[PDB]
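Reviewing the structure listed below.
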Amino acid sequence: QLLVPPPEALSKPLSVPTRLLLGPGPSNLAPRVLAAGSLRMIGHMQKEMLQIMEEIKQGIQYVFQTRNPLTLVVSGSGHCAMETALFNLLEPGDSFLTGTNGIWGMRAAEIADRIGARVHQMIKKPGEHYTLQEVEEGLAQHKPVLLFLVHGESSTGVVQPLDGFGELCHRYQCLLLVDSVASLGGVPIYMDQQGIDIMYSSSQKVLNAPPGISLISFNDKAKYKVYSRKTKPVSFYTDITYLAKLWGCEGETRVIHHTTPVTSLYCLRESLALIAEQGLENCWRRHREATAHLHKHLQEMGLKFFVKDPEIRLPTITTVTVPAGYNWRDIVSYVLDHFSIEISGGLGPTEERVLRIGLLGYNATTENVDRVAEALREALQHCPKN
Amino acid sequence: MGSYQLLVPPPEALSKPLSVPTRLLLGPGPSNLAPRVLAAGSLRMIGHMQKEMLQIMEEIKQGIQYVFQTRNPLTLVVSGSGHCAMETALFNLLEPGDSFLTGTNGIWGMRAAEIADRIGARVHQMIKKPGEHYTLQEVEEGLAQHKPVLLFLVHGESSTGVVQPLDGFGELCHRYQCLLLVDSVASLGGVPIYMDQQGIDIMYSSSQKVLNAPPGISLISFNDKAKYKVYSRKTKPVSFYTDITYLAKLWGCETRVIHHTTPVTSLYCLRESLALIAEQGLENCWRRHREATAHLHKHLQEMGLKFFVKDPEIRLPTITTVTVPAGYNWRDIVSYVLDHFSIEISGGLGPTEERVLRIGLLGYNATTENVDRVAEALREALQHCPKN
Ligand SMILES: [Cl-]
Ligand SMILES: [Cl-]
């Protein structure tokens, strides 16, 4: 008799409800992504898989607007890629500076502390962005080798201006790493033209692919920092010298490394195809249009924006101050139960303070906005008020 | 819409429809997907912390407890692949200066030693020739010599086709105040393993071998003794996103906490894989693997091919290493099987590179028909590939 019996809970079929996902992520899957969902497996090193990897690389290069050959997929999620960037770029004792204007800069600082960097932070109140003058003051004070800046701050609903920051860093012999997990595909970014040295994003926000994989690109200046290291990075399986060879970024010959997530790659390939077919300008315009419609409905319902400066409101994820007198969990639950729409509360410094509404890629439509606006109106008239 | 003009154009290659060929994957991994797992790949998305996802996660935990044969509450999925889980184990279990002992009998022990060296452990290796396993006596001599806090042992050595006996190793380790960490990536579901009963403190496996799930996620379990080593560290582990103290809370192993976005689709696939094993039952799954392998071995012997592993009792049921026949170019054989029969097999890995062919019979694929298919392909490759 075996110690542990077959779990009764697994004896029933798997079913998932049909919902409209308008939170900060994951987003709903695009039809072409859904169609790729039941493709068969092939060997991860076979010629057809190497071709899919090359197409993905080309797609990443297009969406990032980079020619960097060290552009690839990291086999992990949400912000994970963040560890790949920091483990490779930072050595013990290196001066590291973060734009801590929300949960993401704080998390980067935590990761850098774990690997022994000398971590410095420009701390700003949630809802705020960094000016060039503020960044210059941090660079001059801390003399960092790397600056971490968040483009789309999903915890606070802030979009950071990017023009000029990379060249400012280069004047201080500092590299610029940008997080565009919540912004890529929805907000203009020109990695090379803006002087961004390292950038990462994820599959499950604007790209409408399943969560679990991430996108990263390092320029040759960043690669030079990695090759100048005294020691190997702490992780073998995110070591960019190994990943570069796996992904064919150093010419013809590969190296055996890990088993890549083949079905996730199929989905990402389709997601990138969709963006390439629509074109970035049209993608950027659709997000601006969807968000403008949402902001009009929010103002009409009497909801207030967490971000006071309209010019720094992130198009893709909007932070709404919880309405006075209501329990925000009642609002979220009402929308879920009566309309089958997912929205969220806050994150990090905005926990208990806001609602977050995401309009991401395939989901950034005025029709979806109309649906969540109706749900919120009904929640406001029925949820208990004090 | 922004401050610059787009200078990188849309890639034309992406406009072509994505299709993949239909092949039988009989290599060391990844395996073909079970029908319910293929179907799970097209399920819709839901929020990763919604009630339905938390239920799926609870069912997956129970499934992992079943296949590992453990009652350990600290049992969860690591959101990464192949032998990724290996880093999670080592980053959490080893502090700088900790004595670490590895069973280096193939590529996996070599890899564990390299990862441990990167994080500052005092690494000691028990080096054995590829194709051999460890005796209790050899392990005791290493424990006595090096006084490790942790021993790493590979159950299914996929680079050499070896299955390591596990009875007595945990108890031995515990007599030396050492924790036992086992890699069952290539053996779980195909070879008997009883985690608690065999005194294994930490164990990990992956989704893409016997489980017939897509690559990308791994399974790990830590017992109370291992949990004590982790929760008693002096410094934080190097990775926040594989820190077990945080993953334990995400997975409800204690209150719950926000951490990373879980791979929802991979979890759907894994739930279905675990459901299939639970329906079939472990004993039946072990039997079908022994039965398929016996049939393959009968075919290989009859066609003149020699086993890389000399002792039959040490031959891993799931992945067989065949010595490359004299006079042939192994690449020709592998390409012949692919081109003429649409079957994937492989060559070697690490210390067996250029030395062997590897044939995997994993879960759904461990069938008589599949063995007969690959045997036919191999007989024809031997007839038609150039031989010196
Ligand atoms: Cl969906
Ligand atoms: Cl398949």
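Hydrogens, waters and symmetry mates play no part in the numbers below; they use all other heavy atoms, side chains included. Every chain is numbered from 1 and lettered A, B, ... according to where its sequence line falls, protein lines coming before strand lines.
At most 12 non-hydrogen atoms from other residues, nucleotides or ligands lie less than 6.0 angstrom from CZ of A:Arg118. Counting non-hydrogen atoms of other residues, nucleotides and ligands closer than 6.0 Å to OH of A:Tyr224 gives a total of 12 or fewer. The 12-atom threshold is not exceeded at OH of A:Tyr362, counting heavy atoms of other residues, nucleotides or ligands nearer than 6.0 Å. Dense packing is recorded around NZ of A:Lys143, with more than 12 heavy atoms of other residues, nucleotides or ligands lying under 6.0 Å away.
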Q) When you look at A:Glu55 and A:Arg269, which way does the salt bridge (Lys or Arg N to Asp or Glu O under 4.0 Å) test go after all the steps? A) CA-CA 7 Å; A:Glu55 291 175 11; A:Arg269 191 272 193 187; 2.8 Å; yes
**Q.** Verdict with supporting geometry, A:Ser95 and A:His120, side chain to side chain donor-acceptor pair (under 3.5 Å)
**A.** CA-CA 7 Å; A:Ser95 176; A:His120 315 290; 3.3 Å; yes
Q.
I'd like to know whether A:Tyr190 forms a ring-ring contact (aromatic ring centres under 6.0 Å, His included) with A:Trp284, so could you lay out the CA-CA distance, the side-chain angles of the two residues, the decisive distance to 0.1 Å, and finally the verdict.
A. CA-CA 12 Å; A:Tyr190 310 87; A:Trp284 299 334; 5.5 Å; yes
Q | Candidate pair A:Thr66 and A:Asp192, rule side chain to side chain donor-acceptor pair (under 3.5 Å), full reasoning | A | CA-CA 5 Å; A:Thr66 186; A:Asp192 291 1; 2.7 Å; yes
Q. How far apart are the C-alpha atoms of A:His295 and A:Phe305, what are their side-chain angles, what is the distance that settles it, and do they pass the ring-ring contact (aromatic ring centres under 6.0 Å, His included) test?
A. CA-CA 9 Å; A:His295 292 192; A:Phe305 297 94; 4.7 Å; yes
Q | side chain to side chain donor-acceptor pair (under 3.5 Å) assessment of A:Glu83 paired with B:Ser239 | A | CA-CA 7 Å; A:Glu83 294 191 352; B:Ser239 171; 2.6 Å; yes
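With no hydrogens or angles considered, a side-chain donor-acceptor pair links A:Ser27 and A:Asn208 at under 3.5 Å. Side-chain atoms of A:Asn68 and A:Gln61 include no donor-acceptor pair closer than 3.5 Å. In summary, the side chains of A:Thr316 and A:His287 do not present any donor paired with an acceptor at a separation below 3.5 Å, with no hydrogens or angles considered. A:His382 and A:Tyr334 share a donor-acceptor pair across their side chains, judged by distance under 3.5 Å alone. Defined by atom type and a distance below 3.5 Å, a donor-acceptor pair is missing between the side-chain atoms of A:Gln65 and A:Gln193. In the model, A:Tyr172 has a side-chain atom that pairs as donor or acceptor with a side-chain atom of A:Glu136 under 3.5 Å.
At least one donor-acceptor pair under 3.5 Å links the side chain of A:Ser155 to the backbone N or O of A:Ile103. Using a distance-only test at 3.5 Å, with no hydrogens or angles considered, no donor-acceptor pair links the side chain of A:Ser202 to the main chain of A:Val181. In this structure a side-chain-to-backbone donor-acceptor pair under 3.5 Å is present from A:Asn282 to A:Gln278. Panel note: side chain A:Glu153, backbone A:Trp104; a donor-acceptor pair is recorded below 3.5 Å. The backbone N or O of A:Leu177 lies less than 3.5 Å from no partner atom in the side chain of A:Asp197, so there is not a single donor-acceptor pair. Between the A:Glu277 side chain and the A:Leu274 main chain, no donor and acceptor come within less than 3.5 Å of each other. Judged purely by atom type and a 3.5 angstrom limit, A:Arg19 has no side-chain atom pairing as donor or acceptor with the backbone of A:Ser340. In this structure, B:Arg44 contributes its side chain and A:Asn28 its backbone to no donor-acceptor pair below 3.5 Å. Under a 3.5 Å cut-off, the side chain of A:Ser77 and the backbone N or O of A:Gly212 do not form any donor-acceptor pair. Not one N or O on the side chain of A:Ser333 forms a donor-acceptor pair closer than 3.5 Å with the backbone of A:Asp330.
In plain terms, the two heavy atoms of A:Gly59 and B:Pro11 that are nearest each other are N-CG, 3.9 Å. Closest non-hydrogen pair, A:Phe96 versus A:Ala112, comes out as CD2-CB, 3.3 Å. Of all the heavy atoms in A:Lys308 and A:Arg313, the pair that sits closest is O-NH2, 3.4 Å. Closest approach of A:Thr156 to A:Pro126, counting heavy atoms only: CG2-CB, 3.6 Å. Closest non-hydrogen pair, A:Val335 versus A:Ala379, comes out as CG2-CB, 4.4 Å. Between B:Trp251 and B:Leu267 the shortest heavy-atom distance is CH2-CD2, 3.8 Å.
Looking only at side-chain heavy atoms (C-beta outward), A:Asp113 and A:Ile111 stay at 4.5 Å or farther from each other. For the pair A:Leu215/A:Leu268, a side-chain contact is recorded, criterion being any heavy-atom separation below 4.5 Å from C-beta on. In this structure, the side chains of A:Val150 and A:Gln160 stay at 4.5 Å or more apart for every pair of heavy atoms. Counting heavy atoms from C-beta outward, A:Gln194 and A:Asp163 have side chains that approach closer than 4.5 Å. When side chains are defined from C-beta on, B:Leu43 does not count as touching B:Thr265, because their heavy atoms never get closer than 4.5 Å. In this structure, the side chains of A:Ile196 and A:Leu149 stay at 4.5 Å or more apart for every pair of heavy atoms.
Here the straight-line distance linking atom CD of B:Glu52 with atom NE2 of B:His48 works out to 14.0 Å at 0.5 Å rounding. To the nearest 0.5 angstrom, A:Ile213 atom CD1 is 11.0 Å from A:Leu72 atom CG. Here OG of B:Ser79 is found 2.5 Å from NE2 of B:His260. Values are rounded to the nearest 0.5 Å. The CG atom of A:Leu139 sits 10.5 Å away from atom NE2 of A:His170, with the distance rounded to the nearest 0.5 Å. Note that CD1 of A:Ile115 is 6.0 Å distant from CZ of A:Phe87, once rounded to the nearest 0.5 Å. Note that CG of A:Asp220 is 8.0 Å distant from CG of A:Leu70, once rounded to the nearest 0.5 Å.
Contacts of A:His129 classified as ring-ring contact (aromatic ring centres under 6.0 Å, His included), with partners at least two apart in sequence or in another chain: none. Under the ring-ring contact (aromatic ring centres under 6.0 Å, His included) criterion, A:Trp328 pairs with no residue at all, not counting sequence neighbours. Taking the side-chain hydrogen bond (donor to acceptor under 3.5 Å, both in side chains) definition, one finds that A:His151 meets it with A:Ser183, sequence neighbours left out. For A:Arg114, the salt bridge (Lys or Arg N to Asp or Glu O under 4.0 Å) partners are A:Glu110, B:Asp243, not counting sequence neighbours. Every residue two or more places apart in sequence or in another chain was checked for a salt bridge (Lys or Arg N to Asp or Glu O under 4.0 Å) with A:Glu167, and none qualifies.
The ring of B:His259 has its center closer than 6.0 angstrom to the ring center of B:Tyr241.
A salt bridge links A:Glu352 and A:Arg329; the closest N-O separation between the charged side-chain nitrogens and carboxylate oxygens is under 4.0 Å.
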Show me the donor-acceptor pairs, under 3.5 Å and distance only, between side chains in residues 353-361 of chain A and residues at least two apart or in other chains.
| residue | atom | partner | partner atom | Å |
| --- | --- | --- | --- | --- |
| A:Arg353 | NH1 | A:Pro349 | O | 3.2 |
| A:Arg356 | NE | A:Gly345 | O | 2.8 |
| A:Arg356 | NH1 | A:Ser154 | O | 2.9 |

